[PDB]
C-alpha cells in the first residue's frame, strides 16, 4: 500500500499541511488495513516500514520525528485495561483528527501568538517555512503594520520564489547578501527563523548559513527567534559545533579534477548553539526556556 | 597654580597653556625695551588663542560637515560647548533638520542648560535622565559624546555616565565618535575610574530636586546626624577605547587607536 506513494501524491499543493501531520495520516491509513487488534503482527511491521522510509529518504529530516510522535501516541492509547475493540477504534480515528488539530494549532499561532511584529519592527527572516508565511499573511490581514527583510537564497534560486510569494500581499521588500550581513544590522530589528528541525540540545537544524547570523545577533544583542509549527523535534543531538546526521557531506573537500565543476556542492545545512532561543513560538501555548528538553523527558520518561 | 589646585583640580589643556606661557617667558630676553616687548607678546598670545582654540573649532566644524549625512538625528551629553556651537551652526547657518537629544544627570544641570540654550536659538530638543536611555533608542542613528581630556592610551577621561552610553551604543547598532581640539591631548596615562577622582561637596542631591538655591525644611541632611551615613559621589569617570573609534583635531583625520600620532608633530 505504501506511505512513500502517499507522500508522492502530495507535491504542488500542500502549504497547508504540516510535516508529520500528513506522514502521520499516511501511517494511520497504512495501519487501518491489516488488522489493528494484534500487537505482534502490527507494531514491529510499522517499525520496519518506518525504517524502510528512512532508508528511502533523498533529503528530508522530520519524518523520523513524526514517526516517533506517532509511536508515542500509540503507546499512550493502550493503558485503559478494558477491551481491545474501543482502543483500536480510537487509534483508527486519531489521524484525520490529528490533521484537523494541526490546522487549529496554526490558526492559534496566527491570531494569538503574533505580537512580535507590530511596531514596524523590521524582521530578518531566512529559510522558507509555511508557518512563517502564514504569520506574515495574517499580519497583513490584521493590518498590524510591518516591513520584511530576506537574505537572498542562491543555492537553487528559492529567493525568487520567496519574492513572488511576497508580491501576492503587495508590500515592498529588499534583497540582502549573506556576506554583507555584517554591513546591515542598523535598521533591521530582530532575526526570526524558518527551519527544518528542533534539536535535542536546544539549537536549530537549519539551511545554508545560520551560525554566522547567530553570532552577529549575539554581537548586536538583538534577540534570536524561531517561528515553527511546533512538532519538529527530531531525535538528533548536535554534540559539537560541526557534527550532525546530515543529508549530504560536511564541507566537502573536492579535488582539482575537471573544468569549473566540483565547487557548487555548497554546505546547504548548518547549525547554531542552544544559548540563542530567547523565545520560540509553540502551539501548546508560548513556552520556550527549556521546553523542548522537558518534552523529550516526558516522552522517554527520563 | 597652587591656589587653583586648592580650589579645585584642573585640566590638561590648562597645563599645556601654562607650559606655553613658561616657554614664552623663557624666549624673550630681559634686555629688550619693556613697552615694545609686551606690545608684541600680547599680540602673540592673541594669535595663539585664535589658532589653538577658534581655528581648532572651525576645523572640527568643517570635519563634521564633510562627514555628517544629509540631515541627522544627533545625541549628546553634558556641556560640550564646541558641539553645541556645531549644532547651532547646523540649525541656522547651513540649515538642516536637527532632531537633537540631550541627556542629563541629577548633580549637574548642564544638559538642561544646553536644552534651554537650544530653545533660545529655536531647536527641537529631547530631554533625558538616568532611569532609562534605551526608550528613545528602541531610531537613534548618529551620536557624539561629552569630552574633557584624552590620554596616550586611546581612552577618554570624561564626565558622568557617558561610559554607560558608549557601552549601550556598542551593544546596539552603531559605535560612537568624539571630535576634540589639537591641544587637548596629554602624554600622561591611566585606565580606570579609581586612578584620579574629581570631587565636590556631597550637597547637589541634598536639596529635593527642582532648582539649585531653595533652602527647605524636611528630612534630608544626615551626613553625621544619624547612626553612621555617607553620601559620596563622583564627577569624572573613565570612558572606554574600543567604542570611540573617531578622533578629529587640528590634524583633521585619524583614529584614537593612533593615541599619540600627533604628539611628535604638535
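Among B:235, B:243, A:169, rank each residue by its count of other Cβ atoms within 10 Å, from fewest to most, as a rough exposure measure.
Ascending number of Cβ neighbours within 10 Å: A:169, B:235, B:243.
Rounded to the nearest 5, what is the percent of antiparallel bridges among the DSSP beta bridges in the protein assembly as shown? Numbers along the way, then the final one.
Numbers: 13 of 50 bridges.
Within the protein assembly as shown, antiparallel bridges account for around 25 percent of the total.
Under 1.5 on a/c is rounded, so check that first for segment A:100-154, then, if it is not, pick prolate when a/b is larger than b/c and oblate when it is not; a ≥ b ≥ c are the square roots of the alpha carbon gyration tensor eigenvalues.
Working: a/c = 2.64, a/b = 1.26, b/c = 2.09.
Oblate, because a/c is 1.5 or more while a/b does not exceed b/c.
Going by average Cβ neighbours within 10 Å, how do the peptides B:103-115, B:190-202 rank, with the highest at the top?
B:103-115, B:190-202
Compute the Cα gyration tensor for chain B, then decide on rounded, prolate or oblate, letting a ≥ b ≥ c be the square roots of its eigenvalues: rounded whenever a/c is under 1.5, prolate when a/b is larger than b/c in the other cases, and oblate in all that remain.
The shape class here is oblate.
Only bridges with both residues in segment A:114-229 count here: give the DSSP antiparallel percent, nearest 5.
10 percent
For segment B:1-132, divide the Cα radius of gyration by the Kirkwood radius and give the resulting Rg/Rh value with two decimals.
1.11
Helix A:158-167: angle to the longest alpha-carbon principal axis of chain A, degrees 0 to 90, nearest 10?
90 degrees
Before rounding to the nearest 500, sum -39500 (n - 2.57) across all DSSP H runs of length at least 4 in the protein assembly as shown and divide by the residue total; then give [θ] at 222 nm in deg cm²/dmol.
Working: 18 runs with 205 residues, N = 568.
That calculation yields -11000 deg cm²/dmol at 222 nm.
Between 0 and 90 degrees, rounded to the nearest ten: what's the tilt of helix A:43-56 against the longest Cα principal axis of chain A?
The two axes meet at around 30 degrees.
On a 0 to 90° scale, report how tilted helix A:211-220 is relative to the longest principal axis of chain A, with both axes built from alpha carbons and the result rounded to the nearest 10.
60 degrees
Quick one: order B:26, B:11 by neighbouring beta-carbon count within 10 Å, fewest to most.
Lowest to highest Cβ neighbour count: B:26, B:11.
Once you keep just the Cα pairs under 8 angstrom separated by 6 or more residues, what percentage relative contact order results for chain A?
On the way: 399 pairs, mean separation 52.6, N = 302.
Relative contact order of chain A: 17 percent.
Counting other C-beta atoms within 10 Å, which of B:157, B:210 has the fewest, and how do the rest follow?
With the sparsest Cβ surroundings first, the list reads B:210, B:157.
Bear in mind that the values in this text are calculations on the coordinates, not laboratory data. All Cβ positions, even for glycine, are placed from backbone atoms using ideal geometry, and neighbour counts span all protein chains on display.
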